[PDB]
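Student: Protein chains in written order, with PDB author numbering: chain C, 62 to 202; chain B, 16 to 47, 58 to 112; chain A, 1 to 104.
Right, I'll just put the structure down here and ask away after.
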Amino acid sequence: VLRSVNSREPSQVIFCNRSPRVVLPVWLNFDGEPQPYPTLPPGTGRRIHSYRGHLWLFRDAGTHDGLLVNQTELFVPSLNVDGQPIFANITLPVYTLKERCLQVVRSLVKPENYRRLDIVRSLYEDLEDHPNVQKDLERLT
Amino acid sequence: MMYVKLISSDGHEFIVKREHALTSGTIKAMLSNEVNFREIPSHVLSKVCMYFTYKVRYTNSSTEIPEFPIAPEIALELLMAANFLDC
Amino acid sequence: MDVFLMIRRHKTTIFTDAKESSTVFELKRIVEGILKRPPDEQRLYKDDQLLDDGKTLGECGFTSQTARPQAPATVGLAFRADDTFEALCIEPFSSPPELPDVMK
Ligand SMILES: Cc1ncsc1-c1ccc(CNC(=O)[C@@H]2C[C@@H](O)CN2C(=O)[C@@H](NC(=O)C2CCC2)C(C)(C)C)cc1
Numbered sequence: 062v063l064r065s066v067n068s069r070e071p072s073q074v075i076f077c078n079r080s081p082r083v084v085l086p087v088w089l090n091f092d093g094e095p096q097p098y099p100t101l102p103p104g105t106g107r108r109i110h111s112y113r114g115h116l117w118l119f120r121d122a123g124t125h126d127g128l129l130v131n132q133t134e135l136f137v138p139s140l141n142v143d144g145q146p147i148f149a150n151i152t153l154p155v156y157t158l159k160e161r162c163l164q165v166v167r168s169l170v171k172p173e174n175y176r177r178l179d180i181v182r183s184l185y186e187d188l189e190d191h192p193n194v195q196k197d198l199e200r201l202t
Numbered sequence: 016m017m018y019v020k021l022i023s024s025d026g027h028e029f030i031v032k033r034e035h036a037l038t039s040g041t042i043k044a045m046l047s058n059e060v061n062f063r064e065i066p067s068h069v070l071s072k073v074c075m076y077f078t079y080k081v082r083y084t085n086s087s088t089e090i091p092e093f094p095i096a097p098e099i100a101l102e103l104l105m106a107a108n109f110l111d112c
Numbered sequence: 001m002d003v004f005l006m007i008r009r010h011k012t013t014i015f016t017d018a019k020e021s022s023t024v025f026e027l028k029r030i031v032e033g034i035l036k037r038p039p040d041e042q043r044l045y046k047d048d049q050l051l052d053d054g055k056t057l058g059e060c061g062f063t064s065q066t067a068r069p070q071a072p073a074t075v076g077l078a079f080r081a082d083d084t085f086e087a088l089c090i091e092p093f094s095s096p097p098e099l100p101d102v103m104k
């Protein structure tokens with residue numbers, strides 16, 4: 062369902078990383094498979110060549126945490142007006158306090174040791190169920 | 016302006032805007058103007074209050090969003106509070 | 001510009017915001033509405049320094065880029081009982097436990 066259209070009409074885009082994370086851009090190909098692209102360090106920008114009707118999302122490259130692009134989940138290049146590129150501003154969402162705590166705990170504890178933590182079973186599951194692009198695609202669908 | 020009082024297990028009294036506290040569905044239920062938390066100490070509940078302020082300020086803003094900071098030493102207890110408070 | 005504060009006395013902590021251009025006295029009026037004690041029975045402090053009513057929060061060092069939503073700045077508070085003012089006393093928050101082994 063979620064897949065790029067094969068339009069063939071060029072569209073130039075600036076990916077602008079306004080987050081403190083290393084960013085992984087992900088292009089959804091014509092069969093809906095996620096294809097990873099080169100990463101962007103915190104605060105950097107890249108001018109790239111994409112196409113009208115193509116679909117992109119953006120993740121923390123190390124943890125796969127979800128990020129926003131122009132305040133939403135998905136970015137679709139549009140028609141360039143007067144030769145100007147489209148800006149894709151990548152930012153942190155406001156995470157729930159729970160998800161933010163899970164991020165920090167996942168960054169300190171090796172996955173084998175999640176079970177050694179003194180917490181209710183359901184939080185062991187929450188830690189182990191770490192962010193992943195496929196799961197989000199199956200949701201969005 | 017309407018405030019409410021949130022009391023930690025060690026007796027610290029945190030006074031925050033009612034609107035901010037309603038970030039938590041659990042607190043909403045405990046109110047529906059003071060709530061005592063027998064399992065949440067002040068080094069955790071102070072951070073919870075700072076999260077309310079951060080969320081209200083930055084929800085629906087184009088102004089670049091900073092990372093919410095959490096010291097390693099408090100991360101596990103904070104996780105437990107967030108899960109109880111559903112926030 | 002908004003500044004984000006914790007006003008602290010003994011085991012009381014108020015979370016609120018104010019304008020950088022607002023005055024110390026105007027902050028006492030805010031404390032008056034919450035804790036029901038008039039400005040003339042309040043002393044406000046930045047660390048050990050007594051703040052003057054007519055100064056702005058910005059002049060006293062509370063700026064929008066240091067007094068942040070996720071990390072608010074602290075303003076001390078002392079009350080007058082009858083004749084004289086109590087000393088400034090702020091109770092510390094509890095101490096975190098030792099890091100578990102798997103988190104080291
Ligand atoms: C340097 C860089 N840093 C972070 S991302 C990035 C980067 C690096 C290289 C590119 C080159 N552009 C592409 O690959 C675009 C992006 C996406 O729209 C798909 N794509 C294509 O060129 C694709 N081509 C087309 O659709 C053409 C064939 C009909 C029009 C592809 C992968 C089938 C050859 C784009 C971005």
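Even for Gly, the Cβ is constructed at its ideal location relative to N, Cα and C.
Of all Cβ atoms in chain A, is any one closer than 7 Å to the Cβ of B/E59?
Tutor: Locating residue 59 of chain B in the second sequence gives position 34, counting from the first residue. It does not; no Cβ of chain A falls within 7 Å.
Student: Cα separation between B/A100 and A/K55?
Tutor: Translated into the one-based positions of the second sequence, residue 100 of chain B becomes position 75. Translated into the one-based positions of the third sequence, residue 55 of chain A becomes position 55. Taking the straight line joining both Cα atoms gives about 39 Å.
Student: When you compare the CB positions of A/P96 and B/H68, do they come within less than 7 Å of one another, or not?
Tutor: Along the third sequence, one-based indexing puts residue 96 of chain A at 96. Along the second sequence, one-based indexing puts residue 68 of chain B at 43. Less than 7 Å divides the Cβ of A/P96 from the Cβ of B/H68.
Student: For C/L129, I'd like the list of residues in its chain whose CB is within less than 6 Å of its CB, leaving aside the five on either flank, ordered along the chain.
Tutor: Indexing the first sequence from 1 puts residue 129 of chain C at position 68. Excluding sequence neighbours, C/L129 sits near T152, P154.
Student: Pick out the complete alpha helix (DSSP H) segments inside the stretch 4-69 of chain A, 4 residues or longer, and give them in chain order.
Tutor: 24-35
Student: Whose CA, out of A/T66, A/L77, A/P38, lies closest to the CA of A/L50?
Tutor: Working through the third sequence from its first residue, we reach residue 50 of chain A at position 50. When each option's Cα is compared against that of A/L50, the closest is A/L77.
Student: Only counting the same chain, and skipping five residues up and downstream in sequence, which positions put a Cβ closer than 6 Å to that of A/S21?
Tutor: Within the third sequence, numbered from 1, the residue matching residue 21 of chain A stands at position 21. Correct list, in chain order: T56.
Student: Closer than 6 Å: is that where the CB of C/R107 sits relative to any heavy atom of ligand 1?
Tutor: By 1-based counting over the first sequence, the position of residue 107 of chain C is 46. Checking the Cβ of C/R107 against ligand 1 gives yes.
Student: Can you find a heavy atom of ligand 1 that lies under 6 Å from the Cβ of C/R64?
Tutor: Translated into the one-based positions of the first sequence, residue 64 of chain C becomes position 3. Not so, every heavy atom of ligand 1 lies at least 6 Å from the Cβ.
Student: Name, please, each residue of chain C whose Cβ falls closer than 9 Å to the Cβ of B/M105.
Tutor: To locate residue 105 of chain B, count along the second sequence from 1; it is residue 80. Those within 9 Å of B/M105 in chain C are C162, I180, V181, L184.
Student: Per DSSP, what kind of secondary structure is C/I109 in: helix, strand or coil?
Tutor: Taking the first residue of the first sequence as 1, we reach residue 109 of chain C at position 48. Three-state result, C/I109: strand.
Student: In three-state terms, what does DSSP make of C/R64?
Tutor: By 1-based counting over the first sequence, the position of residue 64 of chain C is 3. Looking at C/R64 - three-state DSSP - the assignment turns out to be coil, as it is neither helix nor strand.
Student: Helix, strand or coil for B/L103 per DSSP?
Tutor: Translated into positions along the second sequence, residue 103 of chain B becomes position 78. In the structure shown, B/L103 sits in a helix (DSSP, three-state: H, G or I).
Student: Considering only the alpha carbon of each residue, which of A/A81, A/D2, A/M6 lies closest to A/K19?
Tutor: In the third sequence, counting from the first residue as 1, residue 19 of chain A sits at position 19. Of the listed residues, the one whose Cα sits closest to A/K19 is A/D2.
Student: Please tell me whether B/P94 has its Cβ less than 7 Å away from any Cβ of chain C.
Tutor: Translated into positions along the second sequence, residue 94 of chain B becomes position 69. It does not; no Cβ of chain C falls within 7 Å.
Student: Going by beta-carbon coordinates alone, are B/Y79 and A/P72 separated by less than 7 Å?
Tutor: Here the question's residue 79 of chain B lines up with position 54 in the second sequence. Here the question's residue 72 of chain A lines up with position 72 in the third sequence. Contact: no.
Student: So, with DSSP's three-state summary, where would you put C/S168?
Tutor: The residue labelled residue 168 of chain C in the question sits at position 107 within the first sequence. Helix.
Student: How would you call B/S23, buried or exposed, if buried means at least 16 neighbouring beta carbons within 10 angstroms?
Tutor: The residue you call residue 23 of chain B lines up with position 8 of the second sequence. It is buried - the Cβ of B/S23 has at least 16 other Cβ atoms within 10 Å.
Student: How is the beta strand (DSSP E) around A/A78 delimited, first residue to last?
Tutor: As a position in the third sequence, residue 78 of chain A is number 78, starting the count at 1. A/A78 -> beta strand (DSSP E) spans 73-81.
Student: Tell me, which residues are paired with A/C89 by DSSP?
Tutor: As a first step, residue 89 of chain A must be located in the third sequence, where it is residue number 89. DSSP lists no partner for A/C89.
Student: So is A/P96 in contact with chain B if we call contact Cβ pairs under 7 Å?
Tutor: For the purposes of this step, residue 96 of chain A is taken as the residue at position 96 of the third sequence. Output row for A/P96: interface = yes.
Student: For the alpha helix (DSSP H) holding C/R120, just list the boundary residues, first then last.
Tutor: Reading the first sequence from its first residue, position 59 is the one you call residue 120 of chain C. Where C/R120 is concerned, there is no enclosing alpha helix (DSSP H), although the beta strand (DSSP E) it sits in stretches over 116-121.
Student: Along the beta strand (DSSP E) that carries B/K20, what are the first and last residues, could you check?
Tutor: Position 5 of the second sequence, counted from the first residue, corresponds to residue 20 of chain B. Run containing B/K20: 18-22, per the beta strand (DSSP E) assignment.
Student: According to DSSP, is B/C112 helix, strand or coil?
Tutor: Locating residue 112 of chain B in the second sequence gives position 87, counting from the first residue. B/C112 falls in the coil class under three-state DSSP.
Student: Just verifying my parser: in three-state terms, what is the DSSP assignment at C/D187?
Tutor: Position 126 of the first sequence holds residue 187 of chain C. In the structure shown, C/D187 sits in a helix (DSSP, three-state: H, G or I).
Student: For B/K32, which residues does DSSP report across the bridge?
Tutor: Position 17 of the second sequence, counted from the start, is the residue given in the question as residue 32 of chain B. Listed as beta-bridge partners of B/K32 by DSSP are B/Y18.
Student: Figure out for me which residue from C/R69, C/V66, C/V83, C/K196 has the closest Cα to the Cα of C/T124.
Tutor: What you label residue 124 of chain C is simply residue 63 of the first sequence in a count that begins at 1. Ranking C/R69, C/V66, C/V83, C/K196 by Cα distance to C/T124 puts C/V83 first.
Student: Taking C/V74 as the reference, give the member of C/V62, C/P81, C/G106 with the closest Cα.
Tutor: Against the first sequence, residue 74 of chain C aligns to sequence position 13. C/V74 has its Cα closest to that of C/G106, out of C/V62, C/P81, C/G106.
Student: On the three-pair Cβ rule with 8 Å, is the stretch 26-41 of chain A touching the stretch 5-17 of chain A?
Tutor: When Cβ pairs closer than 8 Å are counted between the two stretches, the stretch 26-41 of chain A is seen to touch the stretch 5-17 of chain A, the count reaching three or more.
Student: Measure the C-alpha to C-alpha separation of A/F62 and A/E91 and round it to an integer number of angstroms.
Tutor: Taking the first residue of the third sequence as 1, we reach residue 62 of chain A at position 62. Taking the first residue of the third sequence as 1, we reach residue 91 of chain A at position 91. Whole-angstrom Cα-Cα distance: 22 Å.
Student: Starting from C/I147, follow its DSSP beta bridges and name the residues at the other end.
Tutor: Your numbering for residue 147 of chain C matches position 86 in the first sequence. Note: C/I147 sits in a beta bridge opposite C/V74.
Student: Any chance the CB of C/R69 is under 6 Å from a heavy atom of ligand 1?
Tutor: Working through the first sequence from its first residue, we reach residue 69 of chain C at position 8. At a cut-off of 6 Å, the beta-carbon of C/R69 counts as near ligand 1: some heavy atom of the ligand is closer than that.
Student: When DSSP labels each residue in this structure, what does residue 44 of chain C get in the three-state scheme?
Tutor: In the structure as shown, chain C starts at 62 and stops at 202, and residue 44 of chain C therefore has no counterpart that could be examined.
Student: If you pair each beta-carbon of the stretch 21-30 of chain A with each one of the stretch 86-106 of chain B, do three or more pairs fall below 8 Å?
Tutor: no
Student: Let me see if you follow: with CB-CB separation under 7 Å, is C/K159 close to chain B or not?
Tutor: By 1-based counting over the first sequence, the position of residue 159 of chain C is 98. Judged by the 7 Å Cβ criterion, C/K159 is in contact with chain B.
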